[PDB]
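**Q**
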Amino acid sequence: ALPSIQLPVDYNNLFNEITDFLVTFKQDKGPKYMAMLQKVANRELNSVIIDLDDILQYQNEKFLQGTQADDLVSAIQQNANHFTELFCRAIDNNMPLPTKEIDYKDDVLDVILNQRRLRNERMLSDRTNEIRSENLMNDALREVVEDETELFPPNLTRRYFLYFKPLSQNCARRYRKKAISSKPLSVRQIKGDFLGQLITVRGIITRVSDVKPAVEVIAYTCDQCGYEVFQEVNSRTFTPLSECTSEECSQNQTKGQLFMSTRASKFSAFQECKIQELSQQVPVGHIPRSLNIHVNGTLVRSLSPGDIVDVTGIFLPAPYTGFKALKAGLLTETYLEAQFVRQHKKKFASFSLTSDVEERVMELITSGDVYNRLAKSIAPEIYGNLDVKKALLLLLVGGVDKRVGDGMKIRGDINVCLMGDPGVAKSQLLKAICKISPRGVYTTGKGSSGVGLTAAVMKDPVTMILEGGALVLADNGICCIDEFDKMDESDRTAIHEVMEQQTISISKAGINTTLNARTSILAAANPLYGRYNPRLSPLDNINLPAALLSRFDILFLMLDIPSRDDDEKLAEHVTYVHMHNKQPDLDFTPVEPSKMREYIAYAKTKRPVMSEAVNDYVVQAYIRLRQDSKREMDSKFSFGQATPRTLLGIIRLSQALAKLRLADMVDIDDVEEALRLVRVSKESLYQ
Amino acid sequence: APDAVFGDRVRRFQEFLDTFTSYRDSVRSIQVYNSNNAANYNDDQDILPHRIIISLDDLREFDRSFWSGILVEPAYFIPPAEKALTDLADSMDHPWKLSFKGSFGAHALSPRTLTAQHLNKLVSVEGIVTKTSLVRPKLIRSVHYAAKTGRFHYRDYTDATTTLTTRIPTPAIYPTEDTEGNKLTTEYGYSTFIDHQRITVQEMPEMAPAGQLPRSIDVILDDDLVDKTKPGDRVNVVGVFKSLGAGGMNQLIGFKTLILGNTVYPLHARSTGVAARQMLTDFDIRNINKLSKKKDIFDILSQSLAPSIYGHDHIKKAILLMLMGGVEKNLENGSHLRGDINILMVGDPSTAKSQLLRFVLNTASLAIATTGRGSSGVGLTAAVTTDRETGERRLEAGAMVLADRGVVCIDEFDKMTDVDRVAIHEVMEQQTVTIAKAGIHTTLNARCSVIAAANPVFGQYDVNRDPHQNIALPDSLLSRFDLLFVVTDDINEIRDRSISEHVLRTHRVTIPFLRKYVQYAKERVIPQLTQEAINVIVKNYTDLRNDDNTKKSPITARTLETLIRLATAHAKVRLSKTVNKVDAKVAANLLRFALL
DNA sequence: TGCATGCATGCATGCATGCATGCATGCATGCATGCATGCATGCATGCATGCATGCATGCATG
DNA sequence: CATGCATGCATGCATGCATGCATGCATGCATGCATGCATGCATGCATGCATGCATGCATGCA
Ligand SMILES: Nc1ncnc2c1ncn2[C@@H]1O[C@H](COP(=O)(O)OP(=O)(O)O)[C@@H](O)[C@H]1O
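So the protein sequences, as listed, match chains A and B. Residue numbering for the first sequence is 16 to 702, as defined by my numbering. Residue numbering for the second sequence is 16 to 611, as defined by my numbering.
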């Protein structure tokens with residue numbers, strides 16, 4: 016009964032060689048990870064990051080200089096779960112322990128482990144005194160002390176954590192080895208044979224839960240024998256235990272009666288979410304599935320919902336089956352444990368490094384004529400509309416704010432509407448804008464109702480929260496909106512509530528919340544039946560009241576005059592699209608969006624300040640606008656009224672225009688550009 | 016599928032089984048002979064088991080680990096080595112068991128002190144075979160015929176005794192009405208069977224203390240090992256001490272014990288059982304063939320048997336000849352004609368009479384010293400069985416029964432009562448014993464050779480009064496005994512001188528070479544009478560009737576039957592096939608000194 | 001007198017609200033079963049009383 | 001005065017009885033264990049209400 020199997024996997028010399036690689040590494044002053052371990056011993060960091068490349072670099076290094084190394088990349092790659100603690104107990108062999116005197120305000124966790132380090136040694140110092148005092152080289156005298164005393168386990172006092180990291184193909188491109196762990200694989204590609212492996216998946220973060228502590232081990236005070244009982248739980252649920260389980264309360268008539276304790280237990284950060292399929296490699300008639308991923312420890316609070324992320328980890332089952340009668344006997348429900356996060360579309364306001372950044376940013380700066388180059392680069396796949404692209408470049412900036420303090424804020428947001436139909440292909444840009452921009456949700460007219468894009472209340476799974484909508488999702492980002500003309504009339508009311516910032520009021524059956532939203536609005540509606548009748552007026556061919564048009568600072572019109580000379584360049588434009596896969600030729604090179612947004616995000620941290628001469632230039636220029644707008648008062652081609660919100664925008668615009676100079680140099684040509692985009696945006700209906 | 020542990024014990028022992036090629040030719044000769052055994056049985060017309068002796072020598076000089084593991088926990092190393100050995104049997108061309116021969120001072124302890132220690136180990140125990148049970152076969156594989164479907168079936172049964180490992184017991188009821196309802200008609204013959212036996216072993220009485228209650232254990236045998244021992248011998252047993260059974264913890268002491276996986280070795284006693292296991296090399300027999308080419312070796316063998324005794328030349332000559340035993344020719348549908356020779360001596364005390372007796376015992380083979388009385392079971396078996404298994408009557412073989420093909424040493428023959436002397440006429444002449452009590456009348460065979468020793472009636476008066484009635488024995492007992500030696504009390508000084516330096520050098524070619532030369536002559540040296548053997552003894556025996564009766568008495572034709580035996584045994588010594596006249600010239604002189 | 005435009009009204013497409021329905025689980029009740037006790041039975045084992053054997057004696061023998 | 005025979009007595013062993021001592025058969029008695037049900041918790045289906053929209057009708061205009 017119960018036979019045994021030998022396998023080529025060893026645990027002995029692998030533990031020996033993994034000690035040497037943990038010690039002997041010099042390439043990337045002294046040893047790399049010991050200085051990191053001294054930084055861990057500095058008690059200022061909680062994570063340990065292990066690559067696979069320096070392993071493979073070492074594995075290249077040992078064969079070329081010495082006889083033979085045991086393979087260790089594919090060794091970890093197979094089972095990958097026993098390599099957690101068998102690696103980590105070798106770390107505690109070597110440690111620069113007293114490297115800094117403890118701070119009084121360091122950590123309440125730190126003062127507890129310092130006790131259990133010291134209480135271990137003082138208990139160790141007692142037993143070696145009694146044995147030498149009762150005699151009848153001292154290694155066996157040391158060894159007698161080792162087994163006659165109950166101690167705290169070394170698993171109980173750790174204070175740090177370790178996360179693995181998958182290898183890139185880049186070093187695998189030089190020397191091909193077991194690079195199977197890092198491929199963009201699908202949930203459909205997850206066959207049930209990849210259990211225990213280390214994988215790489217990607218998708219969309221959907222229905223993120225909340226972070227709440229997970230109990231791991233529980234302390235138990237005796238109060239009679241004075242020991243501490245410890246119970247490790249790896250199940251879903253558990254039980255409290257009996258009255259005592261001491262060795263000294265044992266073999267005695269009166270046992271104790273215990274109770275647990277809070278401050279001595281060890282907890283863990285816990286939160287999970289679900290990943291939906293990428294919706295690009297899905298077969299032609301299928302519906303995307305989901306997958307459960309547990310997240311533990313340091314990496315928590317790092318995954319916003321509705322993103323694109325590369326998740327790598329190791330693939331483990333959970334003991335669970337479905338309904339009671341449907342159980343075929345051994346039903347294994349799986350999950351994935353998160354190990355490393357690499358996000359596509361790297362989020363702004365999260366970097367501070369500038370040196371390797373300005374290694375490429377200064378080359379963009381020293382390229383010359385940058386501001387005209389930018390709007391050429393965002394969605395260049397149409398012809399013309401450069402001033403139209405120029406304003407949308409400025410929509411990408413935004414990024415200004417001011418509160419007077421004990422008062423009100425001002426919203427530094429731009430709201431550009433688009434009018435015209437149909438051969439301008441506006442939706443080619445509408446998909447392009449929310450694609451490059453981080454936190455970009457593409458929305459339609461009817462597919463969200465008045466309750467859809469706002470929040471909702473449903474029963475919480477395992478961890479009655481407010482499940483939010485798209486505008487709840489796409490805060491601090493830009494919402495792309497199709498066909499505002501066909502919304503619900505109640506859905507119009509919420510949009511007016513965004514033009515005053517952060518306001519979403521709810522007076523439903525049990526909900527009285529006023530939730531906040533740092534969103535941004537782009538809208539595009541179509542004109543009336545027919546197309547551009549000069550017999551029709553402004554607001555005659557418009558299906559919306561002008562109070563909503565007063566809330567729009569910037570408005571465009573998409574004319575289509577069939578002109579003879581404008582076609583031949585546009586004909587050569589569109590035919591060149593299908594000849595190749597790139598439009599510009601010998602005059603321009605496009606900016607890739609990843610390098611583009613980093614220059615944007617660095618420009619988002621400037622906050623230019625105005626001056627006094629630019630104060631003088633704007634005031635009389637507003638008297639220019641206020642005087643000639645109020646001399647018509649008609650339903651003619653000119654619009655009716657000029658708001659003070661027009662001045663609120665154009666001050667904010669030249670402020671945002673100063674941000675692309677990155678210099679806090681609000682000047683005369685700063686404002687000179689701002690007036691040009693006002694008079695051309697309006698009244699382009701002359702031809 | 017086996018684990019890594021099981022194959023490693025195989026490949027390590029396979030490394031040893033490939034190390035020494037001596038056992039390779041052993042199993043080769045096993046297979047070739049049994050192939051040739053079936054070849055002659057199946058070609059003109061139109062036995063041996065499977066076990067090989069392995070010593071406990073080579074394992075210490077090969078693997079001290081595998082040495083140690085056997086000697087403590089044998090239940091892990093015995094199965095894979097046999098599986099590896101059955102591999103060798105199948106690869107070079109059924110259990111294929113082993114021996115584990117070998118002397119070790121580890122666990123050769125008494126069974127008296129064996130209990131509660133060294134359990135689940137391999138122990139070598141010796142002692143006395145007693146109360147042998149009955150031989151029963153064991154059912155293994157049942158065969159069943161179904162009538163309507165017309166096919167056979169298959170069914171096995173196992174027990175915990177054989178397997179040596181505690182496996183989950185799965186009993187199965189003997190089958191009837193298996194699938195649909197056809198009658199499972201039973202068959203036989205093709206159903207296989209294996210014999211079975213259990214015995215008890217008492218410890219050694221020579222090793223035992225003075226007087227205490229003896230305690231014993233039990234041994235169950237196996238297929239090729241059923242019935243090698245009669246009750247009443249000295250046998251070494253090598254096996255594994257195993258305790259089975261649920262020791263009373265089910266619902267006052269359980270855990271009864273036994274020993275299985277056994278090899279049986281009968282060993283020679285002082286006065287019981289066979290000692291003829293002595294080997295003969297080609298180097299040995301070449302010395303015998305060099306020895307037998309001489310002309311005076313009968314003298315040297317005569318002088319050899321008095322290592323510490325002066326004189327008695329012609330007495331020693333016959334002691335060669337009794338161990339020769341003469342020739343036996345049973346007649347065609349008649350009776351046997353007795354071939355052995357029985358001698359009584361007489362003489363004054365302290366004249367090497369008791370210095371002869373154990374020399375006759377120890378040098379010979381299968382001898383029993385019978386002293387004083389011989390009452391109620393020496394010549395008999397007495398049939399006293401109160402066997403608890405069934406009301407029946409069996410026998411316990413007495414010494415005269417037990418000493419068949421051997422020598423009976425009778426001490427102080429005159430003190431025997433007339434009761435057993437009735438049986439001596441039956442034993443010495445008809446060579447049979449018939450016991451007829453009310454349970455079962457019986458008849459058995461015993462053709463023992465007899466030497467007895469009686470004293471004179473009164474004083475040392477061996478020559479003074481008269482040669483007749485110095486013994487006052489019954490008349491037929493004169494006719495029973497062949498030669499009657501009279502030892503005198505001759506007082507001299509030259510004779511005293513030969514006594515003098517003999518005993519002095521005493522307190523300040525060989526025997527083991529001798530018994531090799533003896534037992535070789537039994538199975539190949541019987542001779543046949545020739546024409547020259549008639550002409551002397553016809554002339555001579557008439558002189559024995561015409562003139563010896565003018566001196567002494569008696570002369571029967573039975574005396575002439577001894578004249579055949581003396582020339583017979585003399586030809587055995589020279590290992591001739593014919594019979595020479597010189598053999599009679601020796602035999603004629605032997606009567607003159609014995610009588611006149 | 002015929003026609004385009006604004007106003008009143010029914011329709012059924014999504015949110016609250018009510019209830020029927022399906023599944024997990026700890027406990028009180030009934031029944032198969034081991035265990036103590038004495039019996040009829042079957043079979044081995046000790047024992048004491050009278051006869052043949054050994055020795056002393058009277059008689060005869062030479 | 002030195003042996004042989006008939007006579008009488010003392011004594012150890014064979015065994016057919018009485019009695020104690022191992023397996024099955026039977027019966028009364030008390031401990032423990034599988035399990036269906038009352039209860040509670042989670043979930044899907046159907047109706048009234050708010051209403052944008054299509055439609056019929058009143059209206060002034062060329
Ligand atoms: N011829 C002899 N040579 C040597 N020793 C002798 C001889 N005769 C007698 N003995 C001695 O006699 C002793 C044996 O006495 P034995 O006659 O056998 O006993 P019993 O006469 O009582 O049967 C032995 O110890 C032996 O030493």
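Just so you know, even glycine gets a beta-carbon here, dropped at the ideal spot from N, CA and C.
For B:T244, count the other beta carbons within 10 Å of its own beta carbon; 16 or more makes it buried, fewer makes it exposed. Which is it?
**A** The residue you call residue 244 of chain B lines up with position 229 of the second sequence. Buried is the call here.
**Q** Under 7 Å from any heavy atom of ligand 1, does the C-beta of B:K309 make it?
**A** Numbered from 1 along the second sequence, position 294 holds the residue referred to as residue 309 of chain B. No, the Cβ of B:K309 stays beyond 7 Å of every heavy atom of ligand 1.
**Q** Is A:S19 close to chain B, meaning its C-beta is less than 8 Å from at least one C-beta of that chain?
**A** Here residue 19 of chain A refers to the residue found at position 4 of the first sequence. It does: the Cβ of A:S19 has a partner Cβ on chain B nearer than 8 Å.
**Q** Report the three-state DSSP secondary structure of A:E348 (helix, strand or coil).
**A** Stepping through the first sequence from its first residue, residue 348 of chain A is reached at position 333. Looking at A:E348 - three-state DSSP - the assignment turns out to be strand.
**Q** Does the distance from the CB of B:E192 to the CB of B:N135 come in under 8 Å?
**A** As a working note, residue 192 of chain B is residue 177 in the second sequence. As a working note, residue 135 of chain B is residue 120 in the second sequence. Not in contact: B:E192 and B:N135 (Cβ atoms no closer than 8 Å).
**Q** Chain A beta carbons: is any one of them nearer than 8 Å to that of B:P17?
**A** Within the second sequence, the letter at position 2 stands for residue 17 of chain B. For B:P17, the answer is yes, since a Cβ of chain A falls inside 8 Å of its Cβ.
**Q** Taking only the alpha-carbon atoms, compute the straight-line gap between B:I268 and B:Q132 and give it to the nearest angstrom.
**A** The sequence position of residue 268 of chain B within the second sequence is 253, counting from 1. The sequence position of residue 132 of chain B within the second sequence is 117, counting from 1. Distance between the alpha carbons of B:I268 and B:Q132: 17 Å.
**Q** Residues of the region 18-31 of chain B with a CB closer than 7 Å to any CB of chain A: list them in chain order, please.
**A** So the close ones are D18, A19, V20.
**Q** If you measure between the beta carbons of B:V144 and B:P126, is that distance less than 8 Å?
**A** Counted from its first residue, the second sequence places residue 144 of chain B at position 129. Counted from its first residue, the second sequence places residue 126 of chain B at position 111. In this structure, B:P126 does not lie closer than 8 Å to B:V144 by Cβ.
**Q** Can the beta-carbon of A:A470 be found closer than 8 Å to that of A:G484?
**A** Residue 470 of chain A sits at position 455 when you count from the first residue of the first sequence. Residue 484 of chain A sits at position 469 when you count from the first residue of the first sequence. Cβ distance < 8 Å, so A:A470 and A:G484 count as in contact.
**Q** If we ignore side chains and look at the alpha-carbon of each, how far apart do A:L554 and A:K362 end up?
**A** On the first sequence, residue 554 of chain A is found 539 positions in, with the first residue counted as 1. On the first sequence, residue 362 of chain A is found 347 positions in, with the first residue counted as 1. The alpha-carbon atoms of A:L554 and A:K362 are separated by roughly 40 Å.
**Q** Counting pairs of beta carbons, one from the region 248-257 of chain B and one from the region 271-284 of chain B, are three or more of them closer than 8 Å?
**A** The region 248-257 of chain B vs the region 271-284 of chain B: in contact.
**Q** Counting along the chain, where does the beta strand (DSSP E) carrying B:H109 start and finish?
**A** Residue 109 of chain B sits at position 94 when you count from the first residue of the second sequence. Element bounds for B:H109: n/a, residue is neither H nor E.
**Q** Under a Cβ-count criterion, where at least 16 other Cβ atoms within 10 Å of its own Cβ denotes burial, should B:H483 be classed as buried or exposed?
**A** On the second sequence, residue 483 of chain B is found 468 positions in, with the first residue counted as 1. Result: exposed.
**Q** One question on the structure: do A:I308 and A:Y350 come within less than 8 Å of each other, judged by their Cβ atoms?
**A** Against the first sequence, residue 308 of chain A aligns to sequence position 293. Against the first sequence, residue 350 of chain A aligns to sequence position 335. Result yes, Cβ atoms of A:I308 and A:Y350 sit closer than 8 Å.
**Q** Can you tell me whether B:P471 sits near ligand 1, meaning its C-beta is under 7 Å from at least one heavy atom of the ligand?
**A** Here residue 471 of chain B refers to the residue found at position 456 of the second sequence. Outside the cutoff, so no.
**Q** So, helix, strand or coil for B:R530, using DSSP?
**A** Sequence index remark: in the second sequence, residue 530 of chain B carries index 515 (1-based). Reduced to three states, the DSSP call for B:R530 is helix.
**Q** For B:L376 and B:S464, I'd like the C-alpha separation in whole angstroms.
**A** Within the second sequence, residue 376 of chain B is the residue found at index 361, counting from 1. Within the second sequence, residue 464 of chain B is the residue found at index 449, counting from 1. Taking the straight line joining both Cα atoms gives about 12 Å.
**Q** Between which residues of its own chain and B:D238 is the CB-CB distance below 7 Å, once the five residues before and five after are set aside?
**A** Within the second sequence, residue 238 of chain B is the residue found at index 223, counting from 1. Excluding residues within five positions, the ones whose Cβ falls inside 7 Å are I209, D210.
**Q** Tell me whether B:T366 counts as near ligand 1, meaning its Cβ is closer than 7 Å to at least one heavy atom of that ligand.
**A** As a working mapping, residue 366 of chain B is identified with position 351 in the second sequence. Answer for B:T366: yes, Cβ within range of ligand 1.
**Q** If I follow the unbroken alpha helix (DSSP H) through B:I514, where does it start and stop?
**A** The residue labelled residue 514 of chain B in the question sits at position 499 within the second sequence. Its alpha helix (DSSP H) spans residues 509-521.
**Q** Out of curiosity, what's the CA-to-CA distance linking A:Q702 and A:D384?
**A** Position 687 of the first sequence, counted from the first residue, corresponds to residue 702 of chain A. Position 369 of the first sequence, counted from the first residue, corresponds to residue 384 of chain A. Computed Cα separation, rounded: 31 Å.
**Q** Within a Cβ cutoff of 7 Å, which residues of the same chain sit near B:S491, ignoring the five residues on either side of it in sequence?
**A** Here residue 491 of chain B refers to the residue found at position 476 of the second sequence. Closer than 7 Å at the Cβ level, and outside the excluded window around B:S491, lie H440.
**Q** Which first and last residues belong to the beta strand (DSSP E) in which B:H211 is found?
**A** By 1-based counting over the second sequence, the position of residue 211 of chain B is 196. Counting along the chain, the beta strand (DSSP E) containing B:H211 begins and ends at 208-211.
**Q** For A:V456, which residues does DSSP report across the bridge?
**A** Translated into positions along the first sequence, residue 456 of chain A becomes position 441. In the DSSP output, where bridge partners are listed per residue, A:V456 has A:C494.
**Q** Contact defined as beta carbons within less than 8 Å: I believe A:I569 pairs with A:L537. What is the distance between those atoms, to the nearest angstrom?
**A** Along the first sequence, one-based indexing puts residue 569 of chain A at 554. Along the first sequence, one-based indexing puts residue 537 of chain A at 522. Contact doesn't hold; Cβ gap of about 10 Å is too wide.
**Q** Quick check: is any heavy atom of ligand 1 less than 7 Å from the C-beta of B:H517?
**A** As a first step, residue 517 of chain B must be located in the second sequence, where it is residue number 502. It does: the Cβ of B:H517 is within 7 Å (strictly closer) of some heavy atom of ligand 1.
**Q** Using only the alpha-carbon positions, how far apart do B:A602 and B:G421 sit?
**A** The residue labelled residue 602 of chain B in the question sits at position 587 within the second sequence. The residue labelled residue 421 of chain B in the question sits at position 406 within the second sequence. Using only the alpha carbons, I get a separation of about 23 Å.
**Q** Would you check whether ligand 1 has a heavy atom nearer than 7 Å to the C-beta of B:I334?
**A** The residue you call residue 334 of chain B lines up with position 319 of the second sequence. Every heavy atom of ligand 1 is 7 Å or more from the Cβ of B:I334, so no.
**Q** Taking 7 Å as the cut-off, is the C-beta of B:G413 nearer than that to any heavy atom in ligand 1?
**A** Position 398 of the second sequence, counted from the first residue, corresponds to residue 413 of chain B. No, the Cβ of B:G413 stays beyond 7 Å of every heavy atom of ligand 1.
**Q** For B:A333 and B:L359, what's the separation of their Cα atoms in angstroms?
**A** Here residue 333 of chain B corresponds to residue number 318 of the second sequence, with the count starting at 1. Here residue 359 of chain B corresponds to residue number 344 of the second sequence, with the count starting at 1. Between B:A333 and B:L359, the C-alpha separation is close to 11 Å.
**Q** In whole angstroms, what separates the C-alpha of B:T405 from that of B:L346?
**A** Taking the second sequence and counting its residues from 1, one reaches residue 405 of chain B at position 390. Taking the second sequence and counting its residues from 1, one reaches residue 346 of chain B at position 331. Rounded to whole angstroms, B:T405 to B:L346 spans 41 Å at the Cα level.
**Q** Do B:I300 and ligand 1 come close, with the Cβ less than 7 Å from some heavy atom?
**A** Within the second sequence, residue 300 of chain B is the residue found at index 285, counting from 1. Because no heavy atom of ligand 1 lies under 7 Å away, the Cβ of B:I300 does not count as near it: no.
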